[PDB]
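The form deposited in one PDB entry is given below as one chain in structure tokens.
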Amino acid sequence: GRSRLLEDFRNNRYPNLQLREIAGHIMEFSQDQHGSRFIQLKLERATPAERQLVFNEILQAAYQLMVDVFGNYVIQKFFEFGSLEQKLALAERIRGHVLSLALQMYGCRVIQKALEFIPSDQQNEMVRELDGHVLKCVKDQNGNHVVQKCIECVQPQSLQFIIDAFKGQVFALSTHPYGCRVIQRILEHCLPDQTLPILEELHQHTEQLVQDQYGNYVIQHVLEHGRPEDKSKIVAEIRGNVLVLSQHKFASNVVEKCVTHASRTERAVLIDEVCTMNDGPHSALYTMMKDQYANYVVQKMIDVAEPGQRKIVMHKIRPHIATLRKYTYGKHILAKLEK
């Protein structure tokens, strides 16, 4: 079982335990749920000499700590508060095992912390081991976190091989629960020459993406943070389909974001389209106000519709105000309307 020192520490025998006092017991403490937290907190404010004593004791088996549920935290604290020499030695211990660590539940967090704190040179040395394994890491439950961090932290020129690996795979990655997150990071951090081919593939498949459970969020991202040129292409895809996409579980989110982020003229064209559109025995507005998803698009269209059109819109809603109150969704509208 545990050493007596660790057992006593866990039983609160030592209210002032110090790092120097756990000499010889550091690997064990690092892999203990409470011993690890103790070391994590102490390293935050230990003197550099105190950090080195801890380090000298774990260096030889650092890799073992890297893949341990509690030991990985101690390794991370070194990248966070340690000396350049310690980070360098850890990077050297990581060399040749970046892929293995990136795919490991705890090791992936060590790689992420290292990327955030090591020099461009060692970042490049680490990211390059992923060459030929990009798509696998992007889709992996642990590996996607490493790829996302590379995108946020590494010089863009060193990320070119990752962009290259996405050629023709943007639709598949955007409809993946882990891959969609990597695509969003690319859009936020990469250079225009790198985001261009990605956006090109997103635009090509917008029709399918807006209806996908994960894909719609990538499109929403472009609507929320993208360039006007890109937002306009997406709006163009929604134009003429406001009625049908509004009633879609996922596409309705994109339609909503279009109303919110399209140009002045664009929002107009879209709102207009909903008033003059028909849906069988009634108007488009009619069907939408009471739909569980489409109702939000109607609400938001109000909050954004320029006074001129706002009148018209409602002028077409009142007549049905009776049947309106017959629904849970039409009440948010029932409210706003009353004014």
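Take the two forms, find the largest set of C-alpha atoms that superpose within 1.5 Å, and that set is the rigid core. For every residue, the number given is its place in the sequence shown, counted from 1.
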Which is higher in the entry, the mean Cα B factor of 140 to 148 or that of 82 to 90? 82 to 90
Averaging CA B factors per stretch from the PDB record, which one is higher: 49 to 57 or 29 to 37? 49 to 57
Going by the entry, which of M288, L43, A62, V69 has the most elevated CA B factor? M288
Please work out which residue in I118, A172, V127, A262 has the highest C-alpha B-factor recorded for this crystal structure. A262
Using only modelled residues of the chain, where does the Cα B factor of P228 rank: lowest third, middle third or highest third? highest
Looking at the temperature factor on the CA atom of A268, which third of the chain's modelled residues does it land in? highest
CA B-factor placement of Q247, once the chain's modelled residues are sorted into thirds: highest
Tertile call for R239 (CA temperature factor, within chain, third-based) is the middle
Is the Cα B-factor recorded for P15 in the lowest, middle or highest third of its chain? middle
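Same protein, other form: the form deposited in another entry, not shown, and the subject of what follows.
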Once the core is superposed between this form and the one not shown, does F38 show a C-alpha displacement of at least 2 Å? yes
